[PDB]
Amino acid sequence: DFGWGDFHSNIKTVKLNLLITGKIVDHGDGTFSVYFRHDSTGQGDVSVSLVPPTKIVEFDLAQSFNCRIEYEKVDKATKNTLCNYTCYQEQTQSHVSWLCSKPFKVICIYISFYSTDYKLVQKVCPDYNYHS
């Protein structure tokens, strides 16, 4: 089977809050899906993706490996109201389905979070120590 399931992450500043959940599903045909849902409220940009363990953890302005996105749904609501004049609030709900071909199972989760006060990138490799 797999070394993990029911992945969860929360990244929080006063300017942006991000909640992520992740789920694996083995289809029994040599493939498996990774489903991510995430919700964010505030100001800034967030992303979650699958990456190989060789991905360098680094900040980046932009946006062999046998996983690919098959479906993505993103819903984003923006409320504009001036603070003292401008000022806005973004509510985002995303669902992403990744489809992976099983021969290789060492996948990592890569999360980026760029708010107006702080930025953070993180890479989680749940069964990496089955790599070596």
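The numbering used is simple: start at 1 and walk along the sequence shown.
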As the entry stands, the deposited residues without coordinates between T54 and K55 add up to none
If I compare the deposited sequence with the modelled residues, how many are absent between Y85 and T86: none, 1 to 3, 4 to 9, or 10 or more? 4 to 9
Take the C-alpha B-factors listed in the entry for 99-107 and for 54-62, compute each mean, and give the stretch with the larger one. 99-107
For the C-alpha atoms alone, is the average B factor greater in 74-82 or in 29-37, going by the entry? 74-82
